[PDB]
Amino acid sequence: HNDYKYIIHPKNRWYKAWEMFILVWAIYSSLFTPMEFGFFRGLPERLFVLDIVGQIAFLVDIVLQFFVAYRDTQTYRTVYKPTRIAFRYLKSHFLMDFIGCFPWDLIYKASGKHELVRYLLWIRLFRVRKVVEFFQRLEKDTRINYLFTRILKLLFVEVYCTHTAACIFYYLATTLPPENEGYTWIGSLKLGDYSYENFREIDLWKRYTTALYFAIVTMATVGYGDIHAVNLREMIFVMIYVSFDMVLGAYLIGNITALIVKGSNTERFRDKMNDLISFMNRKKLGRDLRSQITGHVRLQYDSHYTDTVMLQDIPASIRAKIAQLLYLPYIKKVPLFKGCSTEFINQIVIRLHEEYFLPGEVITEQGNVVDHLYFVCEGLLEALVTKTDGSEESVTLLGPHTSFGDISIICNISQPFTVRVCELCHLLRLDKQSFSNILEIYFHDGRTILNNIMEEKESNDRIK
Amino acid sequence: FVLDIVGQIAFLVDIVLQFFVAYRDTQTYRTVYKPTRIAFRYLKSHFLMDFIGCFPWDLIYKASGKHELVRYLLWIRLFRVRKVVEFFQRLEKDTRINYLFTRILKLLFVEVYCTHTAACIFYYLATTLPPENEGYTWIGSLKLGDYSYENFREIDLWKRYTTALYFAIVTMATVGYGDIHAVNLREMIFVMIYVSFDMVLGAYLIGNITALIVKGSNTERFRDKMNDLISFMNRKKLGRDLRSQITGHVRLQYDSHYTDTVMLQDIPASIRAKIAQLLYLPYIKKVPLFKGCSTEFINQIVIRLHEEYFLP
Amino acid sequence: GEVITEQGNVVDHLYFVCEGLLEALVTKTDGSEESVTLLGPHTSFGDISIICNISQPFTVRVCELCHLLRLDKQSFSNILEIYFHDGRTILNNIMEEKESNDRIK
């Protein structure tokens, strides 16, 4: 697969860093071309090399995009064929990328300073495709929300349209002799004691700030009126800008509303809390029970262990593989199942359910018919084994990689001790009948379990 | 002056209290009473800012020969909005008030805050210019009606503040009345930043309100279903008594709202079993079919029961 | 690679394989899997389990990208009661070459 090594991968870190550098210079060029257009009729000598240092970079970019492997979405596969990738480029995003790299400033300053030449400077706006592609890659990225990478896209479109609008606004003023500059928006503008007359002589940044401020109050349609369109060209551009901006701000509100509607885990949890509060109130559950249920609901939304509800959709076989990738580590260190077959542990793992328990919760009361066998995964439990007068008696202090609830099922007796939760515990659960059925399938393994119970029985006095 | 001094006192005492207040461990969910861990938690976060902000910055400024760069550190006292943020989060984590309604109040408080501070920064930017370049400020050139805001640093505090806040509020709703507008380049830049920020903030406000309305009430969904069926009942012109029966079935489905039985399924099996054993167990203990049966029988069938209400 | 039916459960879904290939794996008490047969286009599984109301005789795993057509046992039973002659034909089909190898009594 090393054939055509002459073509650099489209993942090669060097070419990715080149894309980042091109992205930065694309942002600069696409934000400077409008300002190189309106605010100068010919780049002053100060920026002489700057624009050159621009074009050369994109020149290199052009060349690189002829030697970059392209993923054929038709095959969904990274195609490396030099003719395929090169011809593809040449018939898609090449013409603009080439015409944008001419010395348009130098061409204009050489061609007798003919204004219509500068209107080819806007060809350089096609370098915004780098920014658009960056936003496409971010949208493809799953770390970022789908809408927030659209909200950022529309924010960038707002910013870019505002900047180009300011530059075109000032250009409308420049398209009018100083004698008629009183008919221009900035020429007629005289905010405060200072007058914005002779905008041609005014510092470009002052005009840029003024134009941007005007475009800004148009963008949010706050629109004080201090700076307004006076000519007809200015009234036409303000009309176009205001209409497009109305639509685009409506799309901004739409995307923010979509993001907000999507749902917050805080909000989803609050809704299920409301439903369960209604449920407890209607059934007049005791305050203690209410507290327990609410506590576990909050724990469910916080531990996000509820997200195992997503597992329900993933098939049972794949779900079992997930269980064998996650629960199996904990199970193979369980002393209860010391030395059982891979198949037996496979079944036990297959029928496991996670459950996090809040501190101060009794798991099973002493004597309660054990309906669920509990492996400890994290946290600390207390086997208080409360008695008639030996209440809160000495405990085994069930820690990680230990198991309880089993003694009773294996001894076919009543729950030998009460279990109280000391810290947040990742208790794994096996239904009692499921355990018994797996034991019916696996006899000799069950005998081994009995043997381990005896081995620790001789030592551990409580299970003794 | 006194109001400043006592001010920091309320915020110094609080710091002391934060060194002696218990918190729930994020891993063991237990109220950690240990003073060492409490103090280390404060020191790690929310200490440096609270203390720095408590320094008497006004007296430091007046004692440093009136250095404005010192006064720029007053904004550290804005990190005292953590208290409001925490209060809003706690209110959001109480079932009494809707989540999105709490967010609407959050955004409303944020708008209040951003307009107030925007007004204060706007007037500050007016005061940056020397008192002789007043004509080039936003307030120095104001001439509302017959009153000219000349020598703007000599008007009553509340006239200046209400003027600036007038600007801020009127631009926060994008009214842009134009009565007050930016004149300086610093004011233009600030207005641009503000306006652009409140654009997104108002969009988020409309988003929250729209989401709160789109996530309609269960009453609203009942009205949707009931009106759909009423439209049906009118299309086919169904009889009044039967009309009442269908309305009764819909009203049963909702006024019962035992659908929350599906919701208890989001509970560990132990507490779900306790729900069953406190709710349905008394009825099942009386059923004759399970006469004199083991407690185990009931205790494990009740978990499998499903509530169902039926009309005559 | 997925599994349609697991041995030991009562199959209430008669799946007819239309496209792709599956595999029949029998799991034993020792824990071993035997590849009894491969189910390709225009094949079926679940009919014996539904007819005799037994647990699934063998795990049915997937080999190639599979397109099957599931049919509910309830609906199937209703239809077989619709056409008692074609139901007897179904019995004859299951007992014709497979016969009572799966304890058909």
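Each chain carries its own residue count, beginning from 1 and running in the order its sequence is written; this scheme need not agree with the entry numbering, and residues with no coordinates do not appear. Numbering of ligands from 1 and lettering of chains from A proceed in the order in which they are written. What is displayed is a subset of a larger assembly, so the values quoted cover only the displayed chains. Hydrogen atoms and water are omitted, and side-chain values are computed over all heavy atoms in the structure.

Looking at the entry header, you'll see cryo-EM listed as the method and 3.15 Å as the resolution.

A. Representation of the overall build of chain C in the model. Counting secondary structure elements, chain C contains 3 helices and 7 strands. When we talk radius of gyration, it's over C-alpha atoms, and the globule rule is simply 2.2 Å times the number of residues to the 0.38. The C-alpha radius of gyration of chain C comes to 14 Å, within 12% of the 13 Å expected for a compact globule of 105 residues. Considering only C-alpha atoms, chain C reaches an extent of 40 × 30 × 25 Å along its principal axes. Long-range contacts, defined as pairs at least 24 residues apart, comprise 72% of the intrachain contacts of chain C with a sequence gap of at least 6. Carbon and sulfur atoms make up 52% of the accessible area of chain C, which totals about 6,700 Å². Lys and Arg are tallied as positive, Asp and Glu as negative. Neither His nor the chain termini are counted. Taken as the charge centre is NZ of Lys, CZ of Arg, CG of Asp or CD of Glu, depending on the residue. For chain C, the separation between the mean place of its 8 positive charges and that of its 17 negative charges on side chains is 7 Å. Helix and strand definitions here come from DSSP, where helices need a minimum of 4 consecutive H or I residues and strands a minimum of 2 consecutive E residues; each element is numbered from the N-terminal end. Residues are treated as being in contact if the distance between any of their heavy atoms lies within 4.5 Å. Method for areas: the Shrake-Rupley scheme with a 1.4 Å probe, in which residue coverage is limited to the protein chains shown.

B. Structural detail: the interface of chain A and chain B. Each partner contributes to the interface: chain A provides 63 residues, whereas chain B provides 62 residues. When the two sides are added together, the surface that chain A and chain B hide from each other amounts to roughly 5,400 Å², 68% of it contributed by carbon and sulfur. Considering only the side of chain A, the residues that lose the most area to chain B are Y224(A), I260(A) and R270(A), jointly responsible for 13% of the buried surface there. The term salt bridge refers to a pairing of a side-chain nitrogen on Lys or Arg with a carboxyl oxygen on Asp or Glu at a separation within 4 Å. Measuring nitrogen to oxygen at the nearest pair gives 2.6 Å for the salt bridge that ties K283(A) to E307(B). Any pair of N or O atoms that falls within 3.5 Å is considered a polar contact. Within protein, one atom must be able to donate a hydrogen and the other to accept it, and sequence-neighbouring residues count only if both atoms are side-chain atoms. If you look at where chain A meets chain B, you find 21 residue pairs in polar contact. We define buried area as the total accessible area lost by two parts upon association, computed with a 1.4 Å probe and summed across both.

C. Here's a closer look at the interface of chain A and chain C. Of the residues lining the interface, 5 residues belong to chain A; the matching set on chain C comes to 5 residues. Here chain A packs against chain C, burying approximately 340 Å² in sum over the two surfaces, 44% of which is carbon and sulfur. For the pair chain A and chain C, the interface holds 0 salt bridges. Summed over the shared surface of chain A and chain C, the number is 0 residue pairs in polar contact. Here the term charged refers only to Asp, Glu, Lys and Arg, the term nonpolar to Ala, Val, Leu, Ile, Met, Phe, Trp, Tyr, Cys and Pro, and the term polar to all other amino acids, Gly among them. Class assignment of the residues belonging to the side of chain A that touches chain C gives a composition of 3 nonpolar, 1 polar and 1 charged.

D. Summary view of the pairing of strand 4 (residues 372-375) of chain A. Residues and elements named next belong to chain A. Here strand 4 shows a buried face lined by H372 and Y374 and a second buried face lined by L373 and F375. What makes two strands pair is DSSP finding at least two bridges between them. In terms of strand pairing, strand 4 meets strand 8 (residues 425-431) through 4 bridges, oriented antiparallel. Paired with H372 across the bridge in strand 8 is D431. Note: strand 4 against strand 6 (residues 403-404), 2 bridges, orientation antiparallel. Within the sheet, the bridge partner assigned to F375 lies in strand 6 and is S403. Burial classes follow relative accessibility: with a 1.4 Å probe on protein chains only, a residue under 20% of its type's maximum area counts as buried, one over 50% as exposed, and anything between as partly exposed.

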